[PDB]
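Visitor: First the structure, which I've put down as structure tokens, then a few questions once you've had a look.
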Amino acid sequence: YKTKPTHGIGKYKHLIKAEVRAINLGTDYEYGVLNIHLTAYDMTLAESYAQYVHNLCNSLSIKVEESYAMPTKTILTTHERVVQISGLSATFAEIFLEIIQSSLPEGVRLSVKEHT
Amino acid sequence: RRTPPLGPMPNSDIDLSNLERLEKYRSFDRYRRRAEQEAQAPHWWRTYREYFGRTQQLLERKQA
Amino acid sequence: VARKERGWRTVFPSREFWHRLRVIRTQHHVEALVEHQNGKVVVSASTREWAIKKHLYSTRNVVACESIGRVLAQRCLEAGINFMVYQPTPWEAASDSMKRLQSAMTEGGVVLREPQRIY
Amino acid sequence: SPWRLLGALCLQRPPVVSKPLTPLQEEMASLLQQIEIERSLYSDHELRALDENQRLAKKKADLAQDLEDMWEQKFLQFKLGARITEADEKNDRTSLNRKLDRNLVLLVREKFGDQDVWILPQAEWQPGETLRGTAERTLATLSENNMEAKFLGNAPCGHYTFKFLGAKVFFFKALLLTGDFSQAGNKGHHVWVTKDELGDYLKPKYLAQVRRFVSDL
Amino acid sequence: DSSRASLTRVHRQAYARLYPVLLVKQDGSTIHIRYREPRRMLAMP
Amino acid sequence: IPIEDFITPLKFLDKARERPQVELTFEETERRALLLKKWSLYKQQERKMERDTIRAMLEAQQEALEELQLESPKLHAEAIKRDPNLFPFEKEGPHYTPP
RNA sequence: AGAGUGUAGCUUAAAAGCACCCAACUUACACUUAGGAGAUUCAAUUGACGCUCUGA
């Protein structure tokens, strides 16, 4: 009740968010939303690398927005996957980038291009 | 007319500005577990409980 | 004759019983309790108990669940609690090890359905 | 206190050749190939190999083999490039192709007056220039070659403070994209070492702890 | 650690057979690719 | 454009009759289960080695930045400032045979 | 050389509870199910074997 000492023991909308450039003001330097294009000749290798990079993202407290993909191209077919990544620090950028560099299985190229 | 509470406010220590950096309820089971340990814990308001209430053996076990 | 807490309708579990079997499958040990309405533990069956732990390969599988099902069905036979009201959540009810637990309850002699109160 | 500025760099070579698989990895890959064969769905090459042979048997009772054979001979034609240019040389530390399945680290002997130390490549900087610029100057000056390398950030990787007038050493981490390494037999003592010979080359506590920020994999 | 994401599996159910053809684009770099009509060597002109 | 290539081709519906025989032996599935158990062990070992390397290099870089802050008051502000050359960053995967 | 010390990753847990991984559904994540590995550093509260910091 409004007048009891236990007022608002059950409110929850202050704990729920009921609802892009980079944030570099003066000291906390932050990436925006990323787009990592994992392009490969094989669905299996690209899918597995997307799964593993997603599992390293969710185990290192990284916000992942989407895990979508664009349609393939006729040439041999080229598959790819897009993993959007937000949440890094400069040391964490170096470490996460070098882990991605050192985790490449076979002939899969990388990208860290921004949105649009 | 708001009065200050008697004891500690539950769900207050976790109230941060960045809830996304805190690790999250992925499941349905962890929540009922945590609610069970706090429901077994006493509180300062009125609740349901107020009205309705050596080495050798270990080594041998490890070997077995 | 005695009352059951017939309410608690909106919230899970329902408290309309006399003795509750609650199984928590932890990372390492699976345990099954039989309780009163007071929250007090009447009958315990744990794999944190060397007499059943030393006869099991792994403390968590379908085998350990069947073993502790036999153990607790026996325990309720020497404890005189003969009737049950058990509520599993629907994803766990489709699990194989705890439906083997339910089969163990049925073959042991403890019915998973308490009789209705006489009014 | 007169403070002596020393910057440095830890050069990294990405492995062009992947690591060879474990025999137990070969076994589970064989099991995976078995289950991929088991869970596939009437694909067209076996339609041109099994049912065509059944129809030929029906015609005779009243080519896939040649294609597989020509595939085998074209496999035998193009000889695979050897993954091991490592054991045949066994002493060519001056070349970039000493190892392929691991990362390789530039590492130079240096002569002081009071010391003679096999050091990770260093340089001297003044506070006017950026530390990233110091690392770029180190790459462009110390090896006198034409590598095109790439950094990740300006954050350092390994800090060591040794004194005799204090002195500090900061260790960055670069990445070689490409390189024209003309005159590989230089007069310097640059040696690429994967992980192990660091412990054979770098004894003191300011240099035996370099491997804790080097990507061992 | 260049073998973590090479030990894979087709997560779909309606998929055909795949075989490891070695492919070279233009550079003399043979790479295993899961593909149909199991060629053994490849070269893009 | 919301067009994807995850749609199953229409040829995979008619002639699913080529391997109706999935039969194994008890030793084969015993070895398969042992392989699954041991490979869960090896994947846990690989990830825990990766976590050990990760925590070691995280603490090394954090200590390096902290000592750079206490030894250089005008360089730790630019030691976190990011580089504008990381937008078109490219790296291809490994190969087998050298050129 | 001295100090702080010490249960698998974490415990004002006493051989546990959360962590972690593979297999299945998921483009993918997540849930769930099936499985798995785990430890009180060695001797009689004390000494010494392992780590960190402070010295040369």
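Chain labels A, B, ... are given in the sequence in which chains occur in the structure tokens; within each chain residues are numbered consecutively from 1, and ligands are likewise numbered from 1 in the order shown.
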Residues near segment 139-146 of chain D, anyone? I mean within 6 Å using only C-alpha atoms (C1' of nucleotides), not counting same-chain ones fewer than 4 positions away, as a VMD selection string.

Guide: chain D and resid 179 to 181

Visitor: Got a sec to pull out which chain G residues are within 8 Å of chain F, counting only C-alpha atoms (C1' of nucleotides), and send them as a PyMOL selection string?

Guide: chain G and resi 20-23+27+35-37

Visitor: Dump C-alpha atoms (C1' of nucleotides) for the selected residues as a PDB file, in the first residue's frame?

Guide:
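The result, stored in out_8.pdb:
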```
ATOM      1  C1'   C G  20      31.667 -25.582 -17.957  1.00  0.00           C
ATOM      2  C1'   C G  21      31.349 -29.120 -22.401  1.00  0.00           C
ATOM      3  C1'   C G  22      29.590 -32.540 -26.037  1.00  0.00           C
ATOM      4  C1'   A G  23      24.750 -35.137 -28.434  1.00  0.00           C
ATOM      5  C1'   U G  27      19.950 -20.048 -39.475  1.00  0.00           C
ATOM      6  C1'   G G  35      25.292 -37.706 -20.899  1.00  0.00           C
ATOM      7  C1'   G G  36      30.671 -36.053 -18.483  1.00  0.00           C
ATOM      8  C1'   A G  37      34.796 -34.611 -15.867  1.00  0.00           C
TER       9        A G  37
END
```

Visitor: When the cut-off is 8 Å and we count only C-alpha atoms, which residues of chain B are near chain C, given as a list in words?

Guide: residues 52, 53, 61 and 64 of chain B

Visitor: Record the distance separating atom CA of residue 3 of chain D and atom CA of residue 173 of chain D, expressed in Å with one decimal.

Guide: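 Going from atom CA of residue 3 of chain D over to atom CA of residue 173 of chain D, I get 23.6 Å.
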
Visitor: Quick one: residues within 12 Å of residue 25 of chain B, only C-alpha atoms (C1' of nucleotides), excluding same-chain residues fewer than 5 positions away - as an NGL selection string?

Guide: (:B and (19-20 or 30-34)) or (:G and (30-31))

Visitor: Compile the contact shell of residue 47 of chain A as a PDB file with N, CA and C atoms (P, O5', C5', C4', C3', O3' and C1' of nucleotides), in the first residue's frame: residues with an atom at most 12 Å away, counting only C-alpha atoms (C1' of nucleotides), same-chain residues fewer than 3 positions apart removed.

Guide:
```pdb
ATOM      1  N   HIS A  37      30.822 -10.432 -41.579  1.00  0.00           N
ATOM      2  CA  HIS A  37      30.429 -11.301 -42.676  1.00  0.00           C
ATOM      3  C   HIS A  37      31.371 -12.494 -42.760  1.00  0.00           C
ATOM      4  N   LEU A  38      30.887 -13.648 -42.311  1.00  0.00           N
ATOM      5  CA  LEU A  38      31.614 -14.907 -42.406  1.00  0.00           C
ATOM      6  C   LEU A  38      31.179 -15.570 -43.703  1.00  0.00           C
ATOM      7  N   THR A  39      32.005 -15.442 -44.737  1.00  0.00           N
ATOM      8  CA  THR A  39      31.693 -15.950 -46.064  1.00  0.00           C
ATOM      9  C   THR A  39      32.514 -17.204 -46.322  1.00  0.00           C
ATOM     10  N   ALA A  40      31.842 -18.266 -46.753  1.00  0.00           N
ATOM     11  CA  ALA A  40      32.504 -19.532 -47.004  1.00  0.00           C
ATOM     12  C   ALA A  40      31.794 -20.264 -48.134  1.00  0.00           C
ATOM     13  N   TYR A  41      32.539 -21.178 -48.745  1.00  0.00           N
ATOM     14  CA  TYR A  41      32.070 -22.091 -49.776  1.00  0.00           C
ATOM     15  C   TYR A  41      31.118 -23.152 -49.238  1.00  0.00           C
ATOM     16  N   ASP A  42      31.131 -23.394 -47.928  1.00  0.00           N
ATOM     17  CA  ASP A  42      30.379 -24.478 -47.314  1.00  0.00           C
ATOM     18  C   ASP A  42      29.418 -23.911 -46.283  1.00  0.00           C
ATOM     19  N   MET A  43      28.200 -24.452 -46.259  1.00  0.00           N
ATOM     20  CA  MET A  43      27.246 -24.101 -45.213  1.00  0.00           C
ATOM     21  C   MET A  43      27.719 -24.580 -43.846  1.00  0.00           C
ATOM     22  N   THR A  44      28.347 -25.759 -43.794  1.00  0.00           N
ATOM     23  CA  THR A  44      28.686 -26.392 -42.521  1.00  0.00           C
ATOM     24  C   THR A  44      29.748 -25.604 -41.759  1.00  0.00           C
ATOM     25  N   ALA A  50      29.956 -19.475 -37.078  1.00  0.00           N
ATOM     26  CA  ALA A  50      28.974 -18.555 -36.514  1.00  0.00           C
ATOM     27  C   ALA A  50      28.508 -19.008 -35.135  1.00  0.00           C
ATOM     28  N   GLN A  51      28.270 -20.314 -34.961  1.00  0.00           N
ATOM     29  CA  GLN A  51      27.888 -20.840 -33.652  1.00  0.00           C
ATOM     30  C   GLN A  51      28.980 -20.607 -32.617  1.00  0.00           C
ATOM     31  N   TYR A  52      30.237 -20.853 -32.991  1.00  0.00           N
ATOM     32  CA  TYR A  52      31.327 -20.714 -32.031  1.00  0.00           C
ATOM     33  C   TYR A  52      31.593 -19.252 -31.690  1.00  0.00           C
ATOM     34  N   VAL A  53      31.503 -18.348 -32.671  1.00  0.00           N
ATOM     35  CA  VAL A  53      31.711 -16.935 -32.362  1.00  0.00           C
ATOM     36  C   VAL A  53      30.547 -16.401 -31.531  1.00  0.00           C
ATOM     37  N   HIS A  54      29.339 -16.945 -31.738  1.00  0.00           N
ATOM     38  CA  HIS A  54      28.214 -16.562 -30.890  1.00  0.00           C
ATOM     39  C   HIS A  54      28.397 -17.068 -29.463  1.00  0.00           C
ATOM     40  N   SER A  67      21.591 -12.463 -35.884  1.00  0.00           N
ATOM     41  CA  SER A  67      22.452 -13.496 -36.450  1.00  0.00           C
ATOM     42  C   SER A  67      21.928 -13.921 -37.814  1.00  0.00           C
ATOM     43  N   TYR A  68      21.548 -12.947 -38.638  1.00  0.00           N
ATOM     44  CA  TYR A  68      20.894 -13.218 -39.909  1.00  0.00           C
ATOM     45  C   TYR A  68      21.927 -13.495 -41.002  1.00  0.00           C
ATOM     46  N   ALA A  69      21.432 -13.695 -42.223  1.00  0.00           N
ATOM     47  CA  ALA A  69      22.273 -13.926 -43.387  1.00  0.00           C
ATOM     48  C   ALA A  69      21.600 -13.364 -44.632  1.00  0.00           C
ATOM     49  N   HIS A  79      28.062 -19.066 -49.477  1.00  0.00           N
ATOM     50  CA  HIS A  79      27.227 -18.820 -48.311  1.00  0.00           C
ATOM     51  C   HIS A  79      27.922 -17.815 -47.402  1.00  0.00           C
ATOM     52  N   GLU A  80      27.141 -17.129 -46.570  1.00  0.00           N
ATOM     53  CA  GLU A  80      27.723 -16.256 -45.562  1.00  0.00           C
ATOM     54  C   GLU A  80      26.757 -16.116 -44.396  1.00  0.00           C
ATOM     55  N   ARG A  81      27.289 -15.647 -43.271  1.00  0.00           N
ATOM     56  CA  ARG A  81      26.493 -15.349 -42.086  1.00  0.00           C
ATOM     57  C   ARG A  81      26.920 -14.007 -41.514  1.00  0.00           C
ATOM     58  N   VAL A  82      25.974 -13.294 -40.909  1.00  0.00           N
ATOM     59  CA  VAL A  82      26.220 -11.977 -40.329  1.00  0.00           C
ATOM     60  C   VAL A  82      25.982 -12.088 -38.830  1.00  0.00           C
ATOM     61  N   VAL A  83      26.966 -11.674 -38.036  1.00  0.00           N
ATOM     62  CA  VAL A  83      26.861 -11.667 -36.579  1.00  0.00           C
ATOM     63  C   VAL A  83      27.066 -10.228 -36.127  1.00  0.00           C
ATOM     64  N   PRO A 105      39.078 -21.754 -38.995  1.00  0.00           N
ATOM     65  CA  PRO A 105      39.331 -23.162 -39.342  1.00  0.00           C
ATOM     66  C   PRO A 105      40.033 -23.396 -40.676  1.00  0.00           C
ATOM     67  N   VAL A 108      38.279 -19.273 -44.343  1.00  0.00           N
ATOM     68  CA  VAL A 108      37.140 -18.380 -44.157  1.00  0.00           C
ATOM     69  C   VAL A 108      37.658 -16.979 -43.867  1.00  0.00           C
TER      70      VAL A 108
ATOM     71  N   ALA E   5      36.339 -25.204 -35.713  1.00  0.00           N
ATOM     72  CA  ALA E   5      35.171 -25.022 -36.561  1.00  0.00           C
ATOM     73  C   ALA E   5      35.292 -25.746 -37.898  1.00  0.00           C
ATOM     74  N   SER E   6      36.174 -26.741 -37.988  1.00  0.00           N
ATOM     75  CA  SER E   6      36.244 -27.625 -39.142  1.00  0.00           C
ATOM     76  C   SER E   6      35.609 -28.982 -38.892  1.00  0.00           C
ATOM     77  N   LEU E   7      35.446 -29.365 -37.624  1.00  0.00           N
ATOM     78  CA  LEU E   7      34.800 -30.618 -37.237  1.00  0.00           C
ATOM     79  C   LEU E   7      33.302 -30.347 -37.098  1.00  0.00           C
ATOM     80  N   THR E   8      32.621 -30.333 -38.239  1.00  0.00           N
ATOM     81  CA  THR E   8      31.262 -29.817 -38.338  1.00  0.00           C
ATOM     82  C   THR E   8      30.268 -30.940 -38.630  1.00  0.00           C
ATOM     83  N   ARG E   9      29.016 -30.542 -38.841  1.00  0.00           N
ATOM     84  CA  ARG E   9      27.901 -31.437 -39.120  1.00  0.00           C
ATOM     85  C   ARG E   9      26.778 -30.616 -39.735  1.00  0.00           C
ATOM     86  N   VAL E  10      26.100 -31.200 -40.722  1.00  0.00           N
ATOM     87  CA  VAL E  10      24.959 -30.538 -41.349  1.00  0.00           C
ATOM     88  C   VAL E  10      23.789 -30.585 -40.372  1.00  0.00           C
ATOM     89  N   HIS E  11      23.407 -29.423 -39.840  1.00  0.00           N
ATOM     90  CA  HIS E  11      22.325 -29.358 -38.867  1.00  0.00           C
ATOM     91  C   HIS E  11      20.947 -29.498 -39.500  1.00  0.00           C
ATOM     92  N   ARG E  12      20.843 -29.414 -40.824  1.00  0.00           N
ATOM     93  CA  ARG E  12      19.579 -29.642 -41.502  1.00  0.00           C
ATOM     94  C   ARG E  12      19.285 -31.139 -41.570  1.00  0.00           C
TER      95      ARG E  12
ATOM     96  P     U G  27      15.635 -22.310 -37.565  1.00  0.00           P
ATOM     97  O5'   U G  27      17.185 -22.429 -37.905  1.00  0.00           O
ATOM     98  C5'   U G  27      17.615 -22.761 -39.218  1.00  0.00           C
ATOM     99  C4'   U G  27      18.975 -22.184 -39.519  1.00  0.00           C
ATOM    100  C3'   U G  27      19.940 -22.122 -38.348  1.00  0.00           C
ATOM    101  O3'   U G  27      20.578 -23.359 -38.078  1.00  0.00           O
ATOM    102  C1'   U G  27      19.950 -20.048 -39.475  1.00  0.00           C
ATOM    103  P     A G  28      20.607 -23.941 -36.580  1.00  0.00           P
ATOM    104  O5'   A G  28      21.267 -22.775 -35.717  1.00  0.00           O
ATOM    105  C5'   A G  28      22.644 -22.458 -35.852  1.00  0.00           C
ATOM    106  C4'   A G  28      22.971 -21.113 -35.255  1.00  0.00           C
ATOM    107  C3'   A G  28      22.694 -20.956 -33.769  1.00  0.00           C
ATOM    108  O3'   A G  28      23.703 -21.524 -32.952  1.00  0.00           O
ATOM    109  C1'   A G  28      21.817 -19.098 -34.911  1.00  0.00           C
TER     110        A G  28
END
```

Visitor: Check every residue of chain B for an atom within 8 Å of chain G, counting only C-alpha atoms (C1' of nucleotides), and provide those that qualify as a VMD selection string.

Guide: chain B and resid 26 to 28

Visitor: Name all residues at most 10 Å from residue 18 of chain E (count only C-alpha atoms (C1' of nucleotides); drop same-chain ones fewer than 2 positions away) and give them as a list in words.

Guide: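 Residues near the query, excluding close chain neighbours: residues 33, 36, 37, 40 and 43 of chain D; 10, 15, 16, 20, 21, 33, 34, 35, 36, 37 and 38 of chain E.
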
Visitor: Please write the residues from the selection above to a file, keeping N, CA, C and O atoms, as a short mmCIF file (atom, residue, chain, number, x, y, z; two decimals), in the first residue's frame.

Guide:
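Okay, this is what ended up in part-v1.cif:
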```cif
data_model
loop_
_atom_site.label_atom_id
_atom_site.label_comp_id
_atom_site.auth_asym_id
_atom_site.auth_seq_id
_atom_site.Cartn_x
_atom_site.Cartn_y
_atom_site.Cartn_z
N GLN D 33 31.84 -38.59 -40.79
CA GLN D 33 31.62 -38.93 -42.20
C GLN D 33 30.65 -40.09 -42.33
O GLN D 33 29.80 -40.11 -43.23
N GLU D 36 27.23 -38.67 -41.66
CA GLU D 36 26.81 -37.85 -42.79
C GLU D 36 26.37 -38.72 -43.97
O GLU D 36 25.43 -38.36 -44.68
N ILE D 37 27.06 -39.84 -44.19
CA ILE D 37 26.62 -40.80 -45.20
C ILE D 37 25.27 -41.39 -44.80
O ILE D 37 24.37 -41.54 -45.63
N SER D 40 22.11 -38.71 -45.19
CA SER D 40 21.92 -37.99 -46.44
C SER D 40 20.66 -38.51 -47.16
O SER D 40 19.96 -39.40 -46.66
N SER D 43 21.10 -38.62 -53.19
CA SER D 43 21.68 -37.58 -54.02
C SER D 43 22.00 -38.11 -55.42
O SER D 43 22.02 -39.32 -55.66
N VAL E 10 26.10 -31.20 -40.72
CA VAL E 10 24.96 -30.54 -41.35
C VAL E 10 23.79 -30.58 -40.37
O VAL E 10 23.24 -31.65 -40.10
N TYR E 15 19.00 -32.81 -46.61
CA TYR E 15 20.23 -32.47 -47.30
C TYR E 15 20.79 -33.71 -47.98
O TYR E 15 20.50 -34.84 -47.57
N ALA E 16 21.57 -33.49 -49.03
CA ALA E 16 22.09 -34.56 -49.87
C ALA E 16 23.49 -34.97 -49.40
O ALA E 16 24.01 -34.47 -48.39
N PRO E 20 34.45 -34.44 -49.81
CA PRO E 20 35.52 -33.43 -49.68
C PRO E 20 36.39 -33.27 -50.92
O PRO E 20 37.45 -33.90 -51.02
N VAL E 21 35.96 -32.44 -51.86
CA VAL E 21 36.78 -32.11 -53.03
C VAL E 21 37.86 -31.12 -52.62
O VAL E 21 37.61 -30.18 -51.86
N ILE E 33 36.45 -28.94 -49.52
CA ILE E 33 35.12 -28.37 -49.62
C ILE E 33 34.13 -29.52 -49.78
O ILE E 33 34.33 -30.44 -50.57
N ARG E 34 33.04 -29.46 -49.02
CA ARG E 34 31.96 -30.42 -49.13
C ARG E 34 31.10 -30.08 -50.34
O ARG E 34 30.40 -29.06 -50.33
N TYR E 35 31.16 -30.93 -51.36
CA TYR E 35 30.49 -30.63 -52.62
C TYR E 35 30.02 -31.93 -53.28
O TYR E 35 30.41 -33.03 -52.88
N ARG E 36 29.15 -31.76 -54.27
CA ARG E 36 28.59 -32.87 -55.02
C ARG E 36 29.48 -33.21 -56.22
O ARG E 36 30.36 -32.43 -56.59
N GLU E 37 29.24 -34.40 -56.82
CA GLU E 37 29.92 -35.04 -57.94
C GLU E 37 31.41 -35.06 -57.63
O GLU E 37 32.19 -34.21 -58.09
N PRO E 38 31.84 -36.03 -56.78
CA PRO E 38 33.06 -35.87 -55.98
C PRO E 38 34.34 -35.80 -56.79
O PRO E 38 35.08 -36.79 -56.91
#
```

Visitor: I'd like the contact shell of residue 188 of chain D - 10 Å cut-off, only C-alpha atoms (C1' of nucleotides), skipping same-chain residues fewer than 3 positions apart - returned as a PyMOL selection string.

Guide: chain D and resi 94+108-110+142-143+184-185+191

Visitor: Output C-alpha atoms for every residue in the selection just made, as a CSV table (one decimal), in the first residue's frame.

Guide:
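Dumped everything to selection-v1.csv:
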```
chain,number,residue,atom,x,y,z
D,94,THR,CA,66.6,-16.1,-40.9
D,108,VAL,CA,66.7,-9.7,-32.2
D,109,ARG,CA,70.0,-10.0,-30.4
D,110,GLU,CA,71.2,-6.6,-29.0
D,142,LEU,CA,64.7,-1.8,-37.4
D,143,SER,CA,64.2,-4.6,-39.9
D,184,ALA,CA,66.6,-12.3,-46.0
D,185,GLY,CA,70.2,-13.1,-45.0
D,191,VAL,CA,65.0,-15.2,-35.4
```

Visitor: Using the chain letters and numbers from this document, which residues of segment 21-60 of chain C does DSSP assign to strand (DSSP E), as JSON, numbers by chain?

Guide: {"C": [21, 22, 23, 24, 25, 30, 31, 32, 33, 34, 35, 41, 42, 43, 44, 45, 46]}

Visitor: Keeping only C-alpha atoms, write the selected residues to a file as a PDB file, in the first residue's frame.

Guide:
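The result, stored in part.pdb:
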```
ATOM      1  CA  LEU C  21       7.600 -35.416  -3.602  1.00  0.00           C
ATOM      2  CA  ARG C  22       9.883 -32.738  -5.010  1.00  0.00           C
ATOM      3  CA  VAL C  23      12.847 -33.708  -7.180  1.00  0.00           C
ATOM      4  CA  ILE C  24      15.704 -31.324  -7.864  1.00  0.00           C
ATOM      5  CA  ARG C  25      18.215 -32.612 -10.427  1.00  0.00           C
ATOM      6  CA  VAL C  30      19.477 -35.789  -7.881  1.00  0.00           C
ATOM      7  CA  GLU C  31      17.242 -35.695  -4.803  1.00  0.00           C
ATOM      8  CA  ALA C  32      13.591 -36.504  -4.072  1.00  0.00           C
ATOM      9  CA  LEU C  33      11.726 -35.253  -0.991  1.00  0.00           C
ATOM     10  CA  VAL C  34       8.407 -36.269   0.562  1.00  0.00           C
ATOM     11  CA  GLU C  35       6.985 -33.446   2.675  1.00  0.00           C
ATOM     12  CA  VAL C  41      10.792 -32.905   5.196  1.00  0.00           C
ATOM     13  CA  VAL C  42       9.272 -36.277   6.089  1.00  0.00           C
ATOM     14  CA  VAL C  43      11.094 -38.696   3.760  1.00  0.00           C
ATOM     15  CA  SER C  44      14.398 -37.950   2.034  1.00  0.00           C
ATOM     16  CA  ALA C  45      16.089 -39.782  -0.825  1.00  0.00           C
ATOM     17  CA  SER C  46      19.450 -38.383  -1.885  1.00  0.00           C
TER      18      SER C  46
END
```

Visitor: What does the distance between atom CA of residue 29 of chain B and atom CA of residue 92 of chain C come to in Å, to one decimal place?

Guide: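 Answer for the atom CA of residue 29 of chain B to atom CA of residue 92 of chain C separation: 10.6 Å.
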
Visitor: What are the residues of chain C that have an atom within 10 Å of an atom of chain G, counting only C-alpha atoms (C1' of nucleotides), as a VMD selection string?

Guide: chain C and resid 26 to 29 48 58 60 to 62 91 to 92 94 to 97

Visitor: Counting only C-alpha atoms, which residues in chain E sit no more than 9 Å from chain F? For each one, give the nearest pair of atoms and the distance in Å, sorted by chain then residue number, as CSV.

Guide:
```
residue,atom,partner,partner_atom,distance
E:2,CA,F:94,CA,7.9
E:14,CA,F:12,CA,6.4
E:15,CA,F:12,CA,7.5
E:16,CA,F:12,CA,8.1
E:27,CA,F:99,CA,5.9
E:28,CA,F:99,CA,5.6
E:29,CA,F:97,CA,5.0
E:30,CA,F:96,CA,6.0
E:31,CA,F:95,CA,6.5
```

Visitor: Keeping N, CA, C and O atoms, export the residues of the selection given above as a compact mmCIF listing (two decimals), in the first residue's frame.

Guide:
```txt
# COMPACT_ATOMS: atom_id res chain seq x y z
N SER E 2 43.07 -24.08 -35.21
CA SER E 2 42.43 -23.95 -36.51
C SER E 2 41.64 -25.20 -36.88
O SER E 2 41.38 -25.44 -38.07
N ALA E 14 16.94 -32.30 -44.44
CA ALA E 14 16.72 -32.55 -45.86
C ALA E 14 17.92 -32.04 -46.66
O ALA E 14 17.89 -30.98 -47.29
N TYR E 15 19.00 -32.81 -46.61
CA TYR E 15 20.23 -32.47 -47.30
C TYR E 15 20.79 -33.71 -47.98
O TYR E 15 20.50 -34.84 -47.57
N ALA E 16 21.57 -33.49 -49.03
CA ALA E 16 22.09 -34.56 -49.87
C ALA E 16 23.49 -34.97 -49.40
O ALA E 16 24.01 -34.47 -48.39
N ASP E 27 45.94 -20.06 -56.89
CA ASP E 27 47.17 -19.77 -56.16
C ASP E 27 47.91 -21.05 -55.75
O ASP E 27 49.01 -20.97 -55.18
N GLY E 28 47.39 -22.21 -56.10
CA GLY E 28 47.98 -23.46 -55.63
C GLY E 28 47.73 -23.74 -54.17
O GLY E 28 48.64 -24.21 -53.47
N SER E 29 46.52 -23.47 -53.68
CA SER E 29 46.14 -23.71 -52.30
C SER E 29 44.95 -24.66 -52.28
O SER E 29 43.81 -24.24 -52.53
N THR E 30 45.20 -25.94 -51.99
CA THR E 30 44.16 -26.96 -51.98
C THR E 30 43.38 -26.89 -50.67
O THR E 30 43.97 -26.92 -49.59
N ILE E 31 42.06 -26.79 -50.77
CA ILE E 31 41.18 -26.67 -49.61
C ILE E 31 40.06 -27.70 -49.73
O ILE E 31 39.48 -27.87 -50.81
```

Visitor: Mind listing as a PyMOL selection string which residues of chain D are within 7 Å of chain A, counting only C-alpha atoms?

Guide: chain D and resi 152-153+155

Visitor: Quick one, how far is atom CA of residue 95 of chain D from atom CA of residue 192 of chain D?

Guide: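 One can read the atom CA of residue 95 of chain D to atom CA of residue 192 of chain D distance as 8.1 Å.
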
Visitor: Please identify the alpha helix (DSSP H) residues within chain C (assignment by DSSP from backbone atoms) and present them as a ChimeraX atom specification.

Guide: /C:50-53,62-79,90-93,96-108

Visitor: Taking only C-alpha atoms into account, which residues of chain D are within 6 Å of chain F, as a PyMOL selection string?

Guide: chain D and resi 16-18+42+81+83+154-155+157+159+213

Visitor: Take the residues from that selection and put them in a file with N, CA and C atoms, as a short mmCIF file (atom, residue, chain, number, x, y, z; two decimals), in the first residue's frame.

Guide:
```
data_model
loop_
_atom_site.label_atom_id
_atom_site.label_comp_id
_atom_site.auth_asym_id
_atom_site.auth_seq_id
_atom_site.Cartn_x
_atom_site.Cartn_y
_atom_site.Cartn_z
N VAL D 16 49.58 -19.49 -42.23
CA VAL D 16 48.97 -19.74 -43.54
C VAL D 16 48.52 -21.19 -43.65
N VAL D 17 49.30 -22.12 -43.11
CA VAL D 17 48.96 -23.54 -43.11
C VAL D 17 48.33 -23.89 -41.78
N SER D 18 47.18 -24.55 -41.82
CA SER D 18 46.47 -24.91 -40.61
C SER D 18 47.19 -26.05 -39.88
N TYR D 42 19.26 -39.50 -50.96
CA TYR D 42 19.24 -39.95 -52.36
C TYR D 42 19.84 -38.98 -53.38
N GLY D 81 51.34 -29.27 -52.58
CA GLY D 81 52.45 -28.54 -51.98
C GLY D 81 52.71 -29.05 -50.58
N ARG D 83 53.37 -29.31 -46.79
CA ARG D 83 53.12 -28.48 -45.62
C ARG D 83 54.35 -28.32 -44.74
N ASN D 154 45.98 0.72 -29.82
CA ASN D 154 47.08 1.39 -29.15
C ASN D 154 47.32 0.89 -27.73
N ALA D 155 46.52 -0.06 -27.25
CA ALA D 155 46.71 -0.60 -25.92
C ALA D 155 47.92 -1.53 -25.90
N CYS D 157 50.56 -4.62 -24.44
CA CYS D 157 50.31 -6.00 -24.07
C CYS D 157 51.23 -6.50 -22.96
N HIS D 159 54.24 -5.18 -19.98
CA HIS D 159 54.99 -4.10 -19.36
C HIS D 159 56.04 -4.68 -18.43
N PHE D 213 51.32 -13.32 -22.86
CA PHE D 213 50.45 -12.54 -23.73
C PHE D 213 50.68 -12.86 -25.21
#
```

Visitor: When you look at residue 22 of chain B with a cut-off of 12 Å (counting only C-alpha atoms (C1' of nucleotides)), what residues show up, excluding the ones that are within fewer than 3 positions of it in the same chain? I need them as a PyMOL selection string.

Guide: (chain A and resi 15+58+60-63) or (chain B and resi 14-19+25)
